[PDB]
Asker: 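Here it is, the structure, as structure tokens.
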Amino acid sequence: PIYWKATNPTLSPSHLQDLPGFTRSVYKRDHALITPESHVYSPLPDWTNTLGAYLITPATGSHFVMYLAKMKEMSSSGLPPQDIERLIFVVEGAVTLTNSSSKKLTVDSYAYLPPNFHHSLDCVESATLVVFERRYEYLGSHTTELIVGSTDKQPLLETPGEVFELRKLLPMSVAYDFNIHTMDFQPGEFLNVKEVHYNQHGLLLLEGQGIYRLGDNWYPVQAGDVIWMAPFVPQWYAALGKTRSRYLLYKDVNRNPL
Amino acid sequence: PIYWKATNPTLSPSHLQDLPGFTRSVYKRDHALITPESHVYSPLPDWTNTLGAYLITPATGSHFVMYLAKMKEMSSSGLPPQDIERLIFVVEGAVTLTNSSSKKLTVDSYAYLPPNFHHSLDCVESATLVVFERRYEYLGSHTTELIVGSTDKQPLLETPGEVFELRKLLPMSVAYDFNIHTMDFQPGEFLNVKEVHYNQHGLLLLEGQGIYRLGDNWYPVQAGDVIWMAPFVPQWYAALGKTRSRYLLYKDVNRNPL
Amino acid sequence: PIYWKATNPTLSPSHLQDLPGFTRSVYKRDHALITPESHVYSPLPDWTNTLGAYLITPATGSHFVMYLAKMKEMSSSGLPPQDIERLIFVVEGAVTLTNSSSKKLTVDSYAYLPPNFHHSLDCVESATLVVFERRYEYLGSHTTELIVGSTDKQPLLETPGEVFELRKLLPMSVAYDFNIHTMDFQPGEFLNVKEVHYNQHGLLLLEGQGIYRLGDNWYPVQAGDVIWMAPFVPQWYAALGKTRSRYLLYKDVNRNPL
Amino acid sequence: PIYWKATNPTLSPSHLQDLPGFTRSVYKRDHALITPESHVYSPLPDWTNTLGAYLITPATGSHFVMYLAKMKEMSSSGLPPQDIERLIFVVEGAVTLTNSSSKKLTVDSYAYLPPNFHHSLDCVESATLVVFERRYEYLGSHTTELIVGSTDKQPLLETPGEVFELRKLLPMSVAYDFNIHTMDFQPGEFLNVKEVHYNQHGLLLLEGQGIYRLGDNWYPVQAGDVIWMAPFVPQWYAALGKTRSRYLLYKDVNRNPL
Amino acid sequence: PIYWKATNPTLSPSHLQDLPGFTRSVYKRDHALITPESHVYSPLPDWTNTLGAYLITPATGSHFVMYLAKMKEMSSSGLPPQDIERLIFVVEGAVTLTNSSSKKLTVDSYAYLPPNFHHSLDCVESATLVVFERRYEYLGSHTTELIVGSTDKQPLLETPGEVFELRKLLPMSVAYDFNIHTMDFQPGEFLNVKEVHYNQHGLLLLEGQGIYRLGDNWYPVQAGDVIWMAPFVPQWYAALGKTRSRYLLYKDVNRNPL
Amino acid sequence: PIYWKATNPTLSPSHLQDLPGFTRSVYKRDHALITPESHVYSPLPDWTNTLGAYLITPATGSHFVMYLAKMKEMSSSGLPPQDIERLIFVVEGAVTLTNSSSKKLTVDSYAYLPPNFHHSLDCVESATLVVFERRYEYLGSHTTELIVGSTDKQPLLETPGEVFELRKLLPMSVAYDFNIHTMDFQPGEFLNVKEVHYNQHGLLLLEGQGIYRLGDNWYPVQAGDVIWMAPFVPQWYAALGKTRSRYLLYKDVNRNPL
Amino acid sequence: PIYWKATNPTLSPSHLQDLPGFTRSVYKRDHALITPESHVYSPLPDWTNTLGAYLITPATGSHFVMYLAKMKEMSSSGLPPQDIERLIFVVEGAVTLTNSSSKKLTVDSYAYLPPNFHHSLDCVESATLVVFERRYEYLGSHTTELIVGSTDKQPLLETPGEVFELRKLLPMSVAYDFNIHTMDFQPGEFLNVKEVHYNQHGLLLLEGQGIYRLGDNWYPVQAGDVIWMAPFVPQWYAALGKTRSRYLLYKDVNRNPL
Ligand SMILES: NC(=O)N[C@H](N)C(=O)O
Ligand SMILES: NC(=O)N[C@H](N)C(=O)O
Ligand SMILES: NC(=O)N[C@H](N)C(=O)O
Ligand SMILES: NC(=O)N[C@H](N)C(=O)O
Ligand SMILES: NC(=O)N[C@H](N)C(=O)O
Ligand SMILES: NC(=O)N[C@H](N)C(=O)O
Ligand SMILES: NC(=O)N[C@H](N)C(=O)O
Ligand SMILES: [Mn+2]
Ligand SMILES: [Mn+2]
Ligand SMILES: [Mn+2]
Ligand SMILES: [Mn+2]
Ligand SMILES: [Mn+2]
Ligand SMILES: [Mn+2]
Ligand SMILES: [Mn+2]
């Protein structure tokens, strides 16, 4: 059951009904671990019959927003503001995209929509979407293009110095100001480089469990957890248990960090 | 009297006159607990024979200001700068609202005022208002309209997976970029979801006592207390004692969090 | 009235009936700040119509006990275990000491009873006793004896490099293994030496208010507060306000630490 | 000589030459304690033979700059950028203000220059000047003007609820976006209100010593010390010793905090 | 080889291959210690066959960028954006710079390039460069000019109050909004002044080792380490070991801090 | 060689010669992590030509000692004071046991010596062993016998609710008050129960590397590290890397906790 | 004047008289930094007319006491309790030792007296003695003897793995259960091993200044400073400045650490 654990985490919110105030969530100066018992769902404007929960916004200091969209019966999507690029990823259910030709996106599929590119996502039953939105940073006369596909369909890439498996969802072309990485770790595998860089992250754990290190903090995590990594926060991960770990990742690229 | 412990708190400033520099007030990175012994009142500009005490201003990262106005005899309110929406809530006493057909606002009464909408607040004896102001965020081709009412004359809304009785002094319409909630709790009741949302709050405890959690901090609170909650700060509350707890709450809405 | 606020503190427990869990009390590794709303009163074994509250006992690492005894109509004191000396200071009310004569100990009156010294304190109306007990550390063929006097009848002692007024209740003779000091500070005066010594303390603030520094902590204190000071806890004090400060203080002496 | 310890602290930088890396200075999120052994003097741009040291600049989130100007012989002041108002207070030595009849400014003297107001400070011997500069907040037609004077000749203002003696160096007119206060505390006195306000500060302790509370931090202070107070930082002060306390204080006013 | 350790740290990143997640790197609110096991290299845009690792960017609250650039065979640089000034220092290898003229830069050689000044770096074998870039702050009608030199050809400068040996790679004329200092400490030497200034820093320990204090933090440092010093953070260094300590240091200057 | 990495940790003291004062060791209230760069070797009393270093003694609160004896050429051992049971475990080299029989002990070989049980240890070449000495608690008439062995020659015991391979070196029979568990985890495997018990530990990681949790502190560890776990200190382990993970563990058993 | 700064420290107690509550002293769970402004001089028990200030006693968990003796005109020592060994070191002045023939002990001189060894130190001018006392841990039939010497007359000892110059005032015989090391560091030198041993210390920096690490605490120190290091606390040092560093050091040896 692909990404099942992501929408049905082992430690579920209802399990803390007799533990008032308790939460695994934390929000600090340079990072954050947002968990299922803290998601605040509420109707998404311009969207039709869709409860959405924002996990990250520029108020945190980011240049993107990362939210979860719960599309229920005969739901439709609203358009991002002007000059806002959007990326959706289906983690549960099914949704159909329409502008050049129709597309039926299911679990593990995804779509990238450039700024002001007209489109619409129409869902008949339900679909859990983890979407990233950003004010597109126009470089020269470059323009991004529509992108559609699936994680499994993407090729494995060079992971010099590392051992985790890496897939990328978007073109690395200079026009794209960000990308989405899918990283896989086998139990016992970790990051050799204790990353400290100007790039910022938005991460969703799709499968597995392990320990994430953020700054001087150590956080045991499980599929379903979300993470906000501000630029320059020391970061690291290690997968644990019997099943492997898989996480979806946001990362800004191709722009002078000045 | 209605909301008497808000203006005459069980533990008052005069009760600490022998505990040098002692205060319950805390101003942290993502939140604040402003207790009565820290309130700073100074002549409120343009107003008349009225002292004001700013509790929250954008200097904290918010996008709004919160202050207590203590109107004295033969007093009158001043006007907000240009393009600024204002909202007053009567915590004690009486005050007349003129534009028109003048209106009489008493304890638990209130009024919203579109940005610029010319209005005048005039009071005879005394009166103490809790007020919010924020530079309106014009949603393209939308506008709001003068609102007036009394908490009690507001219907109890639906609160799924939550017990507290909710009321909203303003319309959930798109025009409005913020609302004002009235959440009542019964001794022993708390918030089931440990919230983490882009939304920000400014809240006044009118009745009751309980425990508020903010980030990894827990704070015993009594009526009269005011809390500042910045975007994404984990929050939670539980009412205690014999009476019920109820607080005033500003919450930003109907605007993209980008 | 003398030592009035000592039993009627500015901030009283009832003033906190609306702040669940709130408390000024703090019990740390090398010290403690016991305040009114934490006093645990229970009937004093071997006593009559007398509730007692223990503030410090060797469970803290000390070598003595400190406690308050609220005596009431027709009440009497019980004989302290074998080989244990006792010192009683009358905070309020009246009590009669018998044994070889019988003195009428009133407010500001004290009595040191040697170990195994038959005696009895008997209160008819009501008395508040602050008392110290310790296993006496027998030296040579030295032995102590009954001491009965009043603070005002003790000469002011000069203390080099310090500006506080000092009175020592018991004789400085080698035989006594401790002494009770009375220390007065005028508003604005403070300890010039930032003490760090093997000596351990137990103190009760009878009058005034100020800042007490213990270790790396700063505590606002008012009359009625009690403090535990384990050996070597860095300590300092400053008197604030209109009125002067006065605290009763236990201090072990004349015994070689080896 | 007036404010002698202000430029000759009891605990001088020299006394610390056998303690590598030691400093009393601290810089936190909402406040700062800048002490002598931390001042970094550098030649002051556009000034003649004048060493300067910036203690506070907008890099802290403030809207004003605060610096010390050590003027030696034949030294001259330097005009500030466009739209910047300047306030100079003489702490040691003497300088001549010329622009409307030259003026000799000595210790305790001060001058306020409206933005874009041509002037010149010429010194022939030496002089220490504490100066504040800001981007004036033009409010309609209102405009400030040259203000020369002395603290002694300024009237003792009254402050409800407090006992400290206050004087405000500049007019309270709405045109002025801030004032400079002088506050006196007799030993044993302290602030009654545990201030928490939108206003921000920058201060210089000219005389005396005491304890300053900032947030949950406590700092013993002495003449010569400088403090930064960010908006909404919990603040409290107490004077101690034989001599009285005196500190210069910056404070913004007459401008909507919204 | 000059600066050999700065390229081959005593404690190399691989020495830590059996310590999962362990790193000596810290990114605090007002400073940062970036070490080798955390460096993140990636294809430097617009460059040719050169890996880069940004250490500091305006995302930390700075106004500049600092990055290590690993130029391999037949490698060439890329031009910075409009108005971005640039400074490069050779810590390893050799590279050629061309217009006005052309020079062969080897270890210890540097070149400052004014805004929009067309240039180019070309390396045949390998080179390691530490570089700083910044949005130039045009002051009036002034302009900077090409500066190419060698650390050793720079004269020792007077360090009033200090004992280290300071060189400045760039001129001090008002046109330059920054400079790069070279600071040498003999073993056991340290900074007498415990700096607190608006100037922000970017350093690279070229050789030696010792201790660095940043705020209330203390860090053992070795050649290769990199430190970020945001404005006003208290700073201090002491050199230890057999050999001397040398560190490259950026510093903003000749601009009003308002 | 076996356990080689333990005697030659990947991160060794030599790698730290350029980081003054730096050390990975931590000694806390309820636990400790002793690393190779903090070992203090001194000639063991009674022993012959043999450097020894104690890692855990009762000064820490334990009721046992643990140390590393590094027997050199022609070395011999000394006996434990009256009633001090002793267990040795060869970590590297060779040494012969004597006195019944006379078997030469080698790497991965151990020996329990009953209290007073006369014995000897002579090493011809080199030897490094880890020993545990303690005051035996006679439980009536029961008594311990000599024991010699090897790890692999020990039955892999079961472990209800666990995955780590377990082996004990001594009889679980009541006569013994302490055992020496051996534990093995495969990369990605971890303790399922966050242990909290009266028992105390003294461990040596012989192989692997992972993350150890002690209370609220997490520690990246590697072969050769040493940990002390006082009673009730919350503990947890997880192995990482390509190789397995194993450690030697002390543990009091079969005795009333009162 | 040998060790002049040891009783006339650069940062003197009187330099901090305008800083109420300020002190450099610290006292924690495993260590302590006792500075001059905290010395509590008070009549020494048994001694005749001599002020003394205890720095360390077993109350801290140690097995020895450390204290300063201020002897003046005609003032003499008092035999210590029974079975207590004493060691005195002359830091200032001179004192005569008698009991075999009298001996004049000047600065840098010392005397170790066995337990019960009758004797007496008398003074006719002035002298500052740093003394250590402990309840001698008799072992078998071993006994100690009157030791009298002088630092300079003691030989440098082999310091493998180090560079500091070491001297031991007492014989290394298994009889002595403690020794007093003299350790000298040249500017820049430091400990290579970050010790963590069962041994305990009581040190007194006699000459110079530097940085001292204890646990995760970093401390600047100067001549006259006194440090207490409890068993197993991480400890390191580094000498800084123009002049060398030297400190006296108590260290227990020759006894099973069980
Ligand atoms: N925290 C991370 O996992 N970061 C990724 N390795 C990345 O930035 O590519
Ligand atoms: N603090 C609160 O009461 N928050 C509300 N539950 C809200 O944000 O809707
Ligand atoms: N803290 C104190 O009260 N100290 C007293 N001066 C004392 O130890 O005598
Ligand atoms: N902290 C302060 O000194 N506050 C001043 N009394 C003031 O705000 O006026
Ligand atoms: N950290 C430093 O070394 N700073 C330099 N002394 C400087 O700012 O000039
Ligand atoms: N820390 C440990 O691994 N403890 C073992 N599981 C044990 O006590 O058996
Ligand atoms: N902290 C110390 O100075 N330790 C000494 N080197 C010692 O234990 O010998
Ligand atoms: Mn990353
Ligand atoms: Mn909320
Ligand atoms: Mn004391
Ligand atoms: Mn203020
Ligand atoms: Mn600097
Ligand atoms: Mn265990
Ligand atoms: Mn040591």
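All chains are named by letter (A, B, ...) in the order of the sequence lines, taking the proteins before the strands, and each is independently numbered beginning at 1. The figures here come from the full heavy-atom set of this structure, side chains too, leaving out hydrogens, waters and symmetry mates.
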Asker: Looking at D:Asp225 and D:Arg24, is there a salt bridge between them, counting it only when a charged N and a carboxylate O are closer than 4.0 Å?
Answerer: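 The answer is yes: the pair qualifies as a salt bridge.
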Asker: Does any heavy atom of chain D fall under 4.5 Å from the side chain of G:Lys5, the backbone, both, or neither of them?
Answerer: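 Side chain only.
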Asker: If the plane angle is over 60° it's perpendicular, under 30° parallel, otherwise tilted; pick one for D:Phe89 and D:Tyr3.
Answerer: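 Tilted, since the angle between the ring planes falls between 30° and 60°.
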Asker: Might you confirm whether atom CD of G:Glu73 has over 12 heavy atoms from other residues, nucleotides or ligands at distances under 6.0 Å?
Answerer: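 Not buried by this count: 12 neighbours or fewer within 6.0 Å.
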Asker: Parallel under 30°, tilted from 30 to 60°, perpendicular over 60°: which one fits the rings of G:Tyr247 and G:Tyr237?
Answerer: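 Perpendicular.
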Asker: Regarding D:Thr35 and D:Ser25, is there a side-chain donor-to-acceptor distance under 3.5 Å anywhere?
Answerer: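 D:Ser25 and D:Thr35 do have a side-chain donor-acceptor pair below 3.5 Å.
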Asker: At their closest point, which heavy atom of D:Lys168 faces which heavy atom of D:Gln154, and how far apart are they?
Answerer: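 Residues D:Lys168 and D:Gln154, closest heavy atoms: O-OE1, 3.6 Å.
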Asker: Which pair of non-hydrogen atoms, one from G:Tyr54 and one from G:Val65, has the smallest distance, and what is that distance?
Answerer: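 Scanning both residues, the minimum pair turns out to be CE2-CB, 3.9 Å.
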Asker: For D:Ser38 versus D:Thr23, what's the shortest heavy-atom pair and its separation?
Answerer: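 Looking at all heavy atoms of both residues, the shortest contact is OG-OG1, 3.4 Å.
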Asker: What closest approach, in Å, do G:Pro220 and D:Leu19 show between heavy atoms, and which atom pair accounts for it?
Answerer: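 Taking G:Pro220 first and D:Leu19 second, the nearest heavy atoms are O-CD2, 3.8 Å.
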Asker: Could you tell me which residues in residues 8-16 of chain G have at least one non-hydrogen atom under 4.5 Å from a non-hydrogen atom of chain D, sorted by residue number?
Answerer: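 At a heavy-atom separation under 4.5 Å, chain D is reached by G:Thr10, G:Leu11, G:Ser14, G:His15, G:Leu16.
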Asker: With chain D as the partner chain, list the residues of residues 200-217 of chain G whose heavy atoms fall under 4.5 Å from it, by residue number, and write 'none' if nothing qualifies.
Answerer: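 Hits under 4.5 Å: G:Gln209, G:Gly210, G:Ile211.
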Asker: Within the structure provided, determine whether D:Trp47 and D:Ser75 are in side-chain contact (heavy-atom separation under 4.5 Å).
Answerer: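 No - every pair of side-chain heavy atoms lies 4.5 Å or more apart.
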